[PDB]
Amino acid sequence: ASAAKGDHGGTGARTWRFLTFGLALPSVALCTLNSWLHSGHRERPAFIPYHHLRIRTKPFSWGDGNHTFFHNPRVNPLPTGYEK
Amino acid sequence: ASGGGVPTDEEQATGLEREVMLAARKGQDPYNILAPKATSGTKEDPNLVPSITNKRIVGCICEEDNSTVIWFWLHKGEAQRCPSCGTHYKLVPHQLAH
Amino acid sequence: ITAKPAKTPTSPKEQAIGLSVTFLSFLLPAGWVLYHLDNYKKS
Amino acid sequence: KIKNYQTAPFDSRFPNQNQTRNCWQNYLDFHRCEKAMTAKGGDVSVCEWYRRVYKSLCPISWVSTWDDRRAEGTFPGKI
Amino acid sequence: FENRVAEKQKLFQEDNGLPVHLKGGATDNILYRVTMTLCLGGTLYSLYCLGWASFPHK
Amino acid sequence: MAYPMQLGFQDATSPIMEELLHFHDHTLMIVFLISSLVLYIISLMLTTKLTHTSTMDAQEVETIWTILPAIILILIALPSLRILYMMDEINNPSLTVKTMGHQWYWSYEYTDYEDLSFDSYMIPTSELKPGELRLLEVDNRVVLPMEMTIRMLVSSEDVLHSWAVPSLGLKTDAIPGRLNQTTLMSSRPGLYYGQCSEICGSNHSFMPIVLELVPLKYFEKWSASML
Amino acid sequence: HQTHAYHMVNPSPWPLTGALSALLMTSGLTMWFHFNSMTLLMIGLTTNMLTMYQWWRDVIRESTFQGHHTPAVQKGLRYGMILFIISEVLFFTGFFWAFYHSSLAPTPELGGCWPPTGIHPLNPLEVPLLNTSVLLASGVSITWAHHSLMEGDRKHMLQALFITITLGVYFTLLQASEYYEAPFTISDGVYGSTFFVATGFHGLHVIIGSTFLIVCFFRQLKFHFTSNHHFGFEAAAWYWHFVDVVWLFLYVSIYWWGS
Amino acid sequence: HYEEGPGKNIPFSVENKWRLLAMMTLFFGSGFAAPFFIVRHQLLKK
Amino acid sequence: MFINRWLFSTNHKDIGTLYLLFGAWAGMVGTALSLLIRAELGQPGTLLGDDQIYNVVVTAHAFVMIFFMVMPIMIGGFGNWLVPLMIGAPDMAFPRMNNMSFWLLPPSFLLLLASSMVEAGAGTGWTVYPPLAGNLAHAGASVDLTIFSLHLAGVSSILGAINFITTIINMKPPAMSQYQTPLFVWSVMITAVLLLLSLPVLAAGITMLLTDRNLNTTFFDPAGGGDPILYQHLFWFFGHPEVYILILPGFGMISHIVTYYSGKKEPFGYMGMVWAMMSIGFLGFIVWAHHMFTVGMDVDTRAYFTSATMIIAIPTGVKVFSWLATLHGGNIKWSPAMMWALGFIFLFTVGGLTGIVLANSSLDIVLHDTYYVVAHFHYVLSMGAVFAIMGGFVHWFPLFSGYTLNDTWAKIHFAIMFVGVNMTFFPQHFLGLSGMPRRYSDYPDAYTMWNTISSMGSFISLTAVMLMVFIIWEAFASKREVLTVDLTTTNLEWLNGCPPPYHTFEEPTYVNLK
Ligand SMILES: CCCCCCCCCCCCCCCCCC(=O)OCC(COC(=O)CCCCCCCCCCCCCCCCC)OC(=O)CCCCCCCCCCCCCCCCC
Ligand SMILES: CCCCCCCCCCCCCCCCCC(=O)OCC(COC(=O)CCCCCCCCCCCCCCCCC)OC(=O)CCCCCCCCCCCCCCCCC
Ligand code: HEA
Ligand code: HEA
Ligand SMILES: CCCCC/C=C\C/C=C/C/C=C/C/C=C\CCCC(=O)O[C@H](COC(=O)CCCCCCCCCCCCCCCCC)COP(=O)(O)OCCN
Ligand SMILES: CCCCCC/C=C\CCCCCCCCCC(=O)O[C@H](COC(=O)CCCCCCCCCCCCCCC)COP(=O)(O)OC[C@@H](O)CO
Ligand SMILES: CCCCCC/C=C\CCCCCCCCCC(=O)O[C@H](COC(=O)CCCCCCCCCCCCCCC)COP(=O)(O)OC[C@@H](O)CO
Ligand SMILES: CCCCCC/C=C\CCCCCCCCCC(=O)O[C@H](COC(=O)CCCCCCCCCCCCCCC)COP(=O)(O)OC[C@@H](O)CO
Ligand SMILES: CCCCCC/C=C\CCCCCCCCCC(=O)O[C@H](COC(=O)CCCCCCCCCCCCCCC)COP(=O)(O)OC[C@@H](O)CO
Ligand SMILES: CCCCCCCCCCO[C@@H]1O[C@H](CO)[C@@H](O[C@H]2O[C@H](CO)[C@@H](O)[C@H](O)[C@H]2O)[C@H](O)[C@H]1O
Ligand SMILES: CCCCCCCCCCO[C@@H]1O[C@H](CO)[C@@H](O[C@H]2O[C@H](CO)[C@@H](O)[C@H](O)[C@H]2O)[C@H](O)[C@H]1O
Ligand SMILES: CCCCCCCCCCO[C@@H]1O[C@H](CO)[C@@H](O[C@H]2O[C@H](CO)[C@@H](O)[C@H](O)[C@H]2O)[C@H](O)[C@H]1O
Ligand SMILES: C[C@H](CCC(=O)O)[C@H]1CC[C@H]2[C@@H]3[C@H](O)C[C@@H]4C[C@H](O)CC[C@]4(C)[C@H]3C[C@H](O)[C@]12C
Ligand code: CUA
Ligand SMILES: [Cu+2]
Ligand SMILES: [Mg+2]
Ligand code: NA
Ligand SMILES: [O-]
Ligand SMILES: [Zn+2]
């Protein structure tokens, strides 16, 4: 494997708390930093009204029928393009 | 360390779970969790079939690995025989009442 | 199988009534719709 | 050879009952060839075979939809 | 907090013939009656909605 | 086409359909034999007062019961898979024709040389000419050269359809966004009929297929006349 | 008086209220999609929540309070929960099948490529990698909670279970934020379809599993569990590992291999 | 407790064979009639 | 008490009764739909309307017969009544969940009836293929109501499946191995495993159809890169297992009926019968694309699905030959139940063999989407599944009710049914070979004779159905109470009397290990 420590034959709970605080939460803390670094707003790409995207075969059952449920105006163009 | 704080079954098991746990401690099987072991099943050494009434259904697996089970009401009184293999069964009624 | 004699015997006449009523419960409603199909068409 | 052209020959790249990719590839090949020739001043006539093969295999409404999307700038294949 | 399971065991084992879903007391009866009223009323409303959707309009 | 009181397949128009008739005769003989053997054994089990109700050992008979059916399946699979791989073998078609399914008519495209296409609709019953076939005739038949390997390409512009001609052994689904290929070869001139074979809505029953198989020179002049 | 160990259940209204909940929710979705109204649907969701609450309350009454869960009854519940998880695996399998079908044979409308023309997939090394670390960490903490329970340690069971729930909530909030930030939608062809429906069903299962763990947390606060008898905790752990493994398959398939 | 024995382990009465005939008539007859009345309903729309 | 007993049940027997009542009502709806089909086809021309009204009737017919008649009667009805009695168990593992499986069905059936009453119905076929089933070719609520109907029926059977598998694994007497349970119990367990694994994939597919119809997904829409054929794969991954789900409990009942009326203590080759049902269950998961031989699949795929499909003949034949070997040497009682079982063995065999013809991808090009397929599946369903149901019903009616049928009336009912089903379906082979398509309201003139005869057959079957209701009435009207049943030593379900008490096996059987 890409692993390598060595069986820690102590109390079950004690070992699993050791892995929780010594390996698992540190990994989460590290991935949290890698993500609060690479998370700056990136430039939205040129709108192209591709016919395989922005599908509308029936109006959505909320709003004006033309906005997706988690519509983000900054990065989700309508079939006719970006809002403003 | 465990600071404890978790109940045990000994402390908190109740109702039928508790009755099953305490009977098992005394090696008793009032709730029929285990398969009874056959006697030789002669008229001298019949299989002894406990019941809380005056009759109980017996299934006889006449030979090991028989797929067919032979089923019959065993009545209080003289030993009865399996209609297929002739093995002897005798009812022993009691009550669970306490 | 063995059984007791009927507690409430159903005579041939009573059977003719049960059979007749059973068949009419299936035939009359479907018959009515199918007879009037042509009437339904205009509407 | 385009004198003698009867229809699109068997192509071992597309040996099965579904010929969708045969039609698509020859359409792409024709318009790529044609872009490349008019961009190097050269002669489109060399692209002719891809034209004959896609015309033979492709439904008229597929060709016509794809032609419309190339003009609109919404054609999704790389030419 | 303190272990009050023995008290709950005594309440739910009381020999009062009540089914488990009502054996907690009056609040069980109320939550039951609200659940059944919403289900039976909702079901009547669903049947109305079918009737309505079964015929043309505009 | 089918004739009144027909029991079996339409007469074969193609060498593939002939192969299927012979393979069907073989499979049908096995079906008749097994079904009649089962019916006979039932009658044999039920026509004796002799009894044997004690436990019966099953090991010997279960060998017979698995090996004989296994061999029979092999005797069906062998010719079955021969025909399957025969149907799939490389021909060089002389011609490619496309058909597009629609609600509820077929269109045909012959685009090897010129831009030839047309729609093919059922003749309404009130418009049949005397002796014409109810639900089967079209306004524009699928004219094709006889004794030639034709590549047919099948698709749809709406819902599923399926393009069938039983006497040629042909049935190819018509799926929007997909281009399915089959090969057609008629041994004979004539009129060969089929019907839409995938449920496609209101007029599924009313969008038939008529092939008109004629010598190449008649096909060439018809084509030129249809531009 | 029975002399077997199995549970004869009191006659219950919850099967009927649950069945009618399903009628109101389905006819409700129909009214929402076609007749522009949320009213049937809200009633259905309400009766469904009431049904589940009263049903699982009664299972706690039967077991913790009345003692009906003999080892034989417990072994049955083990089978039931394993068979339930198997049916959920096969459900997800259909969505994986759809994803692999669409992505291994991309059609001309897509550009004959995966990802399709015009799709900018998420970086699998950013929030998707964080989400992986979060659910894997939650599998470690729930194993800690399990071992603390068996060893009779109330406080460490509660800490480990709280940490597990917190990681579940964190995954849910990360995924909601990714949904908002994603420059593709559910209407972005088969890429959006497979992405949002597969990860969306996974997300619902995270919320369900998180809810089950919160139920176990409050039952543990009230001393329901013994060091030897805690099937609801075990069922919730199995379900949670299920949710973790489905995530790993989604991460490898959709986020990584399909990028 | 609940009624036991023939005619009692069912959610309908068999106490009177003519009332039972009526009930079975409405039960099975409603099932068989329903498709005819749905065909009618759909022909009478459009 | 009525509401507590019949709406709030936790009793396996009463819930079984509710399933049999539901399935009987559903059977009448299915029968009416079948008669509307054969009325449309009984003479050349148009009776009702175009293919839309006609295929709404065809689609409903299939869903009602499969989901509301066969599965509820066989699994819900016979399963709940018989499985716990046959293993000495006091009830099912999850008696309250059992009640929810039942109560999901009336709402499922309501959704399907709503489907047919709204807009122009779902004229899709029971396969519900897009794009005909999509939001442009089938705009409006009908197909969504169909999908939700199937979701409720799916949840019902998945929870019922968990319940049966758990009951059968966990609740036998401690001495009884799985190799000491009756064949009907095996048939229910295997059926439940198929339902557990197949229904979730159906649920995935129809959910994707729902999202394509309402949330602008394109799983099945080429415009978005989707594929109609993906839907077919997902549907048939469920739909082939579904046909083994429909017959397996019938095979279980037939094993019991043939054993019983042959006066035997046991079926011939018990372990071969268990082996055959497991083999059929496994093989039923690897054959699904035999429903797809005309969609344009590669030749090696066709060769594989041809060969894997045919292999199912081997375990099925072991069962057929083992039934014959069970008759062999019997003291045959020619009961009505036995006549149903003997009709089953022969007519199921004919239906299985036409399936083997269809397994051959090369012939299936010509037979696919014709009345040859219709003939195949009505032989196995309207003769196989239905004959096992009628046999089961006649045999076990006195256990469930405590009352006897009139045997003479039961034999008359069998004879009429036998004539009707054979006259209905046998000529459909000729219509198929000669190329009459499926799902047609009308046919070219040459097909008239066989359609006429087929339609007349269906009216004979109607007469048998109406007579069945009368025969049931006569039994409840007369009240002949059961006294004694033969062979209780090898039919444990009968040993608590007729009907059994509300609570059975409160004290479990005694079975020792020798
Ligand atoms: C009540 C039902 C309605 C009655 C209908 C009866 C039919 C009567 C019609 C006029 C009859 C005249 C000729 C008699 C042959 C009729 C049946 C037959 O041979 O079928 C013909 C074939 C197709 O074969 C042909 O290709 C035609 C062969 C004809 C050759 C004979 C000489 C030519 C004269 C015949 C005229 C046509 C010739 C031109 C055509 C040339 C080639 C097409 O159809 C099929 O494949 C059907 C497939 C069904 C599969 C079921 C398996 C068997 C189950 C029962 C076995 C046990 C018995 C109990 C049985 C228990 C029941 C299951
Ligand atoms: C006290 C307050 C009560 C208030 C509430 C309830 C009212 C109670 C009345 C008064 C209460 C006091 C005591 C009266 C006793 C019975 C009265 C009676 O004869 O009245 C009759 C009762 C009972 O109703 C039924 O059972 C319906 C069937 C009618 C008889 C047919 C006989 C069939 C025999 C042949 C079958 C053979 C198989 C069986 C063989 C096995 C034999 C053991 O009526 C009802 O009150 C129906 C209520 C529903 C209960 C559950 C039925 C299950 C539904 C079946 C599925 C339908 C599918 C549709 C699908 C829907 C799609 C839209
Ligand atoms: C009970 C329901 C049921 C059962 C059990 C079966 C069983 C089988 N079916 Fe059938 N089938 C359907 C219901 C059923 N089917 C339905 C509803 C459809 C249509 C779906 C639709 O489109 O709507 C269908 C469709 C169908 C098709 C698709 C045809 C098409 O649409 O073009 C095929 C193709 O292979 C097929 C094959 C088989 C085979 C090989 C078996 C085998 O299991 C049969 C095996 C049995 C035997 C062979 C008989 C007994 C054996 C012997 C006596 C041994 C000796 C025999 C030999 C050596 C051969 N079936
Ligand atoms: C179990 C399944 C089942 C059963 C029993 C039947 C029974 C019948 N079916 Fe059908 N049929 C289908 C399933 C079934 N069918 C399916 C899946 C299709 C394809 C759908 C599609 O294409 O999309 C179909 C298609 C189909 C067609 C083709 C439609 C077309 O392609 O246009 C026709 C035409 O004749 C037909 C006719 C009949 C007839 C006359 C009966 C008669 O034999 C009916 C006679 C009556 C009964 C058999 C009685 C039933 C009642 C009981 C058994 C309950 C009583 C019980 C107790 C009291 C316990 N059916
Ligand atoms: C971390 C997740 C948070 C919780 C989820 C939040 C909201 C409701 C979601 C429910 C979960 C169900 C999942 C499957 C259904 C549809 C997709 C949902 C996934 C999702 O939420 O996807 C959103 C779309 O939601 C949409 O359409 C709107 C969806 C709402 C309509 C309800 C859908 C009804 C579907 C019925 C399901 C039936 C299945 C039952 C199976 C039973 C088994 C037999 C994505 O947003 P977007 O703006 O397109 O793109 C992002 C651009 N910035
Ligand atoms: C066109 C239509 C054609 C008509 C065909 C008629 C169909 C069926 C005929 C029915 C004949 C029954 C068959 C033989 C007897 C069985 C049923 C019966 O009618 O009554 C029998 C005895 O009559 C007793 O004493 C009870 C005495 C009460 C008499 C009431 C029964 C009426 C007689 C039947 C005639 C029905 C005709 C109706 C026509 C509409 C009861 O069954 P057993 O004989 O005890 O057998 C079973 C034993 O093992 C049980 O221990
Ligand atoms: C009997 C089965 C045994 C073998 C199973 C093996 C599984 C997967 C094999 C996939 C390997 C192929 C990958 C590389 C090559 C591309 C494959 C491909 O292309 O396959 C495509 C998609 O397959 C797909 O998603 C495939 C989708 C998978 C379907 C399998 C169903 C099983 C699901 C249930 C499993 C439950 C397990 C529980 C989980 C723990 C379909 O083919 P097309 O391109 O449309 O061809 C069309 C023509 O143009 C050809 O001329
Ligand atoms: C849009 C709306 C969707 C739904 C919203 C949220 C839904 C659900 C929330 C999550 C589920 C909560 C379940 C709580 C169950 C509590 C009861 C419990 O856990 O009961 C236990 C038994 O387990 C048992 O029944 C085990 C029971 C297992 C329950 C399974 C949970 C999964 C349910 C998910 C629903 C499927 C939806 C899928 C969507 C496609 C009780 O036995 P013990 O624990 O041994 O106690 C006894 C000791 O005290 C003795 O000393
Ligand atoms: C689009 C909309 C469609 C809507 C359809 C939804 C249908 C119905 C909604 C209402 C359901 C909510 C009510 C809660 C049900 C809990 C069932 C449960 O928890 O059942 C348990 C058995 O199943 C077990 O364990 C394990 C099994 C747990 C099952 C939990 C419920 C799942 C519901 C959805 C199923 C999805 C199937 C998976 C694939 C899609 C307990 O068995 P009981 O017999 O009660 O008790 C036995 C006693 O000994 C306990 O003391
Ligand atoms: C998805 C994220 C990863 C989560 C993985 C979850 C795996 C769940 C399987 C549980 O398996 C574990 O194996 C451990 C081996 O490490 C053992 O622990 C303990 O058991 C011994 C005594 O019980 C102690 O002495 C040991 O130190 C200690 O490892 C213990 O049997 C068991 O729980
Ligand atoms: C699919 C299986 C069902 C088909 C077989 C059913 C045969 C049904 C028997 C007849 O049912 C009735 O037929 C009458 C005619 O004989 C109809 O009366 C009609 O005809 C009479 C004479 O024309 C008038 O007196 C009536 O008012 C007029 O309603 C009546 O409505 C209809 O109930
Ligand atoms: C026991 C409890 C269970 C029984 C509860 C029964 C409740 C019945 C409430 C009345 O019904 C409807 O509810 C929606 C409430 O918002 C409205 O839909 C509405 O949808 C659109 C606005 O959102 C409008 O344009 C439509 O005209 C309008 O019908 C509709 O009008 C209103 O009558
Ligand atoms: C109140 C209780 C101590 C007394 C007892 O055991 O009942 C303690 C033990 C474990 C504690 C919990 C755990 O430490 C985990 C959580 C830690 C957070 O910092 C607060 C909430 C949190 C959820 C705690 C609440 C409360 O302080 C708990 C529940
Ligand atoms: Cu076009 Cu059917
Ligand atoms: Cu199949
Ligand atoms: Mg087809
Ligand atoms: Na007609
Ligand atoms: O099949
Ligand atoms: Zn013995």
# chains A, B, ... in the order shown; residues from 1 in each chain; ligands from 1

$ residues_near_ligand --ligand "ligand 18" --cutoff "7 Å" --atoms "only C-alpha atoms and all ligand atoms" --output "PDB file with N, CA, C and O atoms, in the first residue's frame"
ATOM      1  N   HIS I 240     -36.642  -8.982 -17.308  1.00  0.00           N
ATOM      2  CA  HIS I 240     -36.462 -10.461 -17.419  1.00  0.00           C
ATOM      3  C   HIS I 240     -36.567 -11.117 -16.020  1.00  0.00           C
ATOM      4  O   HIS I 240     -37.427 -11.967 -15.805  1.00  0.00           O
ATOM      5  N   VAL I 243     -40.095 -11.817 -14.974  1.00  0.00           N
ATOM      6  CA  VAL I 243     -40.935 -12.922 -15.499  1.00  0.00           C
ATOM      7  C   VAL I 243     -40.640 -14.187 -14.692  1.00  0.00           C
ATOM      8  O   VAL I 243     -41.566 -14.944 -14.488  1.00  0.00           O
ATOM      9  N   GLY I 355     -40.513 -19.777 -26.160  1.00  0.00           N
ATOM     10  CA  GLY I 355     -39.463 -18.871 -25.630  1.00  0.00           C
ATOM     11  C   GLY I 355     -38.115 -19.244 -26.194  1.00  0.00           C
ATOM     12  O   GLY I 355     -37.308 -18.358 -26.530  1.00  0.00           O
TER      13      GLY I 355
END

$ select_by_dssp --residues "region 23-227 of chain F" --states "strand (DSSP E or B)" --output "number ranges by chain"
F: 95-102, 105-110, 116-120, 122, 138, 142-145, 150-156, 161-165, 170-174, 180-184, 190-195, 208-214

$ closest_residue --among "I:215, I:188, I:295, I:417" --to "residue 227 (chain I)" --atoms "only C-alpha atoms"
I:295

$ residues_near_ligand --ligand "ligand 5" --cutoff "7 Å" --atoms "only C-alpha atoms and all ligand atoms" --output "ChimeraX atom specification"
/A:68-72,76 /G:172,175-176,179-187,196-197,199-201,203-204 /I:151-152,154-155,200,203,207,211,215

$ write_last_selection --atoms "N, CA, C and O atoms" --output "short mmCIF file (atom, residue, chain, number, x, y, z; two decimals), in the first residue's frame"
data_model
loop_
_atom_site.label_atom_id
_atom_site.label_comp_id
_atom_site.auth_asym_id
_atom_site.auth_seq_id
_atom_site.Cartn_x
_atom_site.Cartn_y
_atom_site.Cartn_z
N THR A 68 -32.66 27.18 -13.19
CA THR A 68 -32.39 25.93 -12.47
C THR A 68 -32.46 26.20 -10.97
O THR A 68 -32.37 27.37 -10.54
N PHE A 69 -32.65 25.14 -10.22
CA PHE A 69 -32.90 25.19 -8.76
C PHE A 69 -31.79 25.93 -8.01
O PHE A 69 -32.12 26.74 -7.14
N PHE A 70 -30.52 25.73 -8.34
CA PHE A 70 -29.37 26.40 -7.67
C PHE A 70 -28.70 27.38 -8.65
O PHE A 70 -27.43 27.47 -8.69
N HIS A 71 -29.52 28.01 -9.50
CA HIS A 71 -29.07 29.02 -10.50
C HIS A 71 -28.09 30.00 -9.84
O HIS A 71 -28.43 30.59 -8.83
N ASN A 72 -26.88 30.12 -10.37
CA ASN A 72 -25.88 31.11 -9.94
C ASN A 72 -25.70 32.09 -11.10
O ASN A 72 -25.04 31.74 -12.08
N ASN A 76 -23.97 30.64 -14.41
CA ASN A 76 -24.98 29.81 -15.10
C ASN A 76 -25.75 30.68 -16.08
O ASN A 76 -26.72 31.36 -15.71
N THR G 172 -22.48 17.94 3.72
CA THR G 172 -23.77 18.49 3.21
C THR G 172 -23.60 19.96 2.82
O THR G 172 -24.06 20.32 1.71
N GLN G 175 -21.31 20.44 -0.25
CA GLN G 175 -21.96 19.94 -1.48
C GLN G 175 -22.99 20.99 -1.94
O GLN G 175 -23.06 21.27 -3.15
N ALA G 176 -23.75 21.58 -1.01
CA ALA G 176 -24.70 22.67 -1.32
C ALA G 176 -23.93 23.83 -1.96
O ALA G 176 -24.39 24.38 -2.98
N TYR G 179 -22.80 22.86 -5.45
CA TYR G 179 -23.99 22.97 -6.31
C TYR G 179 -24.16 24.42 -6.74
O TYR G 179 -24.32 24.65 -7.94
N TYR G 180 -24.09 25.37 -5.81
CA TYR G 180 -24.32 26.80 -6.11
C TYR G 180 -23.22 27.31 -7.04
O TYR G 180 -23.54 27.95 -8.03
N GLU G 181 -21.97 26.95 -6.79
CA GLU G 181 -20.81 27.47 -7.54
C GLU G 181 -20.65 26.78 -8.89
O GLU G 181 -19.93 27.35 -9.73
N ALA G 182 -21.19 25.57 -9.08
CA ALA G 182 -20.92 24.79 -10.31
C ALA G 182 -21.39 25.60 -11.53
O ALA G 182 -22.50 26.09 -11.53
N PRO G 183 -20.56 25.78 -12.57
CA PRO G 183 -20.98 26.49 -13.78
C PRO G 183 -21.83 25.64 -14.75
O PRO G 183 -22.30 26.18 -15.73
N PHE G 184 -22.02 24.34 -14.47
CA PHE G 184 -22.96 23.46 -15.20
C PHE G 184 -24.16 23.19 -14.27
O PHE G 184 -24.07 23.38 -13.03
N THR G 185 -25.31 22.85 -14.88
CA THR G 185 -26.61 22.62 -14.21
C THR G 185 -27.12 21.22 -14.57
O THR G 185 -26.54 20.57 -15.43
N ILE G 186 -28.25 20.85 -13.99
CA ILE G 186 -28.92 19.56 -14.29
C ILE G 186 -29.40 19.56 -15.74
O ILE G 186 -29.44 18.46 -16.34
N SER G 187 -29.67 20.74 -16.32
CA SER G 187 -30.15 20.88 -17.73
C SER G 187 -28.97 20.91 -18.71
O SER G 187 -29.23 21.02 -19.94
N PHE G 196 -25.77 15.54 -11.35
CA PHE G 196 -26.65 16.09 -10.29
C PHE G 196 -27.58 15.01 -9.73
O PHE G 196 -27.81 14.97 -8.53
N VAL G 197 -28.06 14.09 -10.57
CA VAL G 197 -29.01 13.08 -10.04
C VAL G 197 -28.22 12.06 -9.19
O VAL G 197 -28.73 11.72 -8.16
N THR G 199 -25.10 12.38 -7.66
CA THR G 199 -24.56 13.04 -6.44
C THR G 199 -25.75 13.55 -5.62
O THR G 199 -25.61 13.62 -4.38
N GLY G 200 -26.88 13.88 -6.26
CA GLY G 200 -28.05 14.41 -5.52
C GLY G 200 -28.67 13.32 -4.65
O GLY G 200 -29.00 13.59 -3.49
N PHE G 201 -28.84 12.11 -5.20
CA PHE G 201 -29.37 10.95 -4.46
C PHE G 201 -28.36 10.63 -3.37
O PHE G 201 -28.80 10.41 -2.22
N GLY G 203 -26.43 12.69 -1.83
CA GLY G 203 -26.58 13.78 -0.85
C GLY G 203 -27.78 13.59 0.04
O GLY G 203 -27.68 13.87 1.26
N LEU G 204 -28.90 13.19 -0.54
CA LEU G 204 -30.12 12.85 0.23
C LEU G 204 -29.79 11.73 1.23
O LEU G 204 -30.26 11.80 2.37
N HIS I 151 -43.48 3.19 -8.72
CA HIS I 151 -42.63 3.44 -7.53
C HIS I 151 -43.32 2.85 -6.30
O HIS I 151 -42.62 2.23 -5.50
N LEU I 152 -44.64 3.00 -6.16
CA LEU I 152 -45.33 2.49 -4.97
C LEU I 152 -45.31 0.97 -5.00
O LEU I 152 -45.07 0.34 -3.91
N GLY I 154 -43.15 -0.90 -6.45
CA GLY I 154 -41.74 -1.29 -6.24
C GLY I 154 -41.40 -1.32 -4.76
O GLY I 154 -40.84 -2.33 -4.29
N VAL I 155 -41.73 -0.26 -4.03
CA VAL I 155 -41.47 -0.17 -2.57
C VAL I 155 -42.21 -1.30 -1.84
O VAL I 155 -41.61 -1.95 -0.97
N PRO I 200 -34.85 -2.18 -7.69
CA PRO I 200 -34.15 -0.91 -7.57
C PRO I 200 -33.62 -0.39 -8.90
O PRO I 200 -33.46 0.83 -9.05
N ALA I 203 -36.46 1.11 -10.55
CA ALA I 203 -36.76 2.40 -9.88
C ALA I 203 -35.77 3.46 -10.41
O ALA I 203 -36.19 4.63 -10.63
N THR I 207 -37.11 6.65 -12.71
CA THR I 207 -36.81 7.93 -12.02
C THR I 207 -36.09 8.82 -13.03
O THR I 207 -36.39 10.03 -13.11
N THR I 211 -37.29 12.46 -14.47
CA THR I 211 -36.43 13.67 -14.48
C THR I 211 -36.34 14.14 -15.93
O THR I 211 -36.31 15.38 -16.14
N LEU I 215 -37.56 17.67 -15.16
CA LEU I 215 -36.42 18.46 -14.59
C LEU I 215 -35.35 18.75 -15.64
O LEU I 215 -34.22 19.15 -15.26
#

$ residues_around --residues "residue 25 (chain H)" --least-positions-apart "2" --cutoff "9 Å" --atoms "only C-alpha atoms" --output "list in words"
residues 21, 22, 24, 25 and 26 of chain C; 20, 21, 22, 23, 27, 28, 29 and 30 of chain H; 469 of chain I
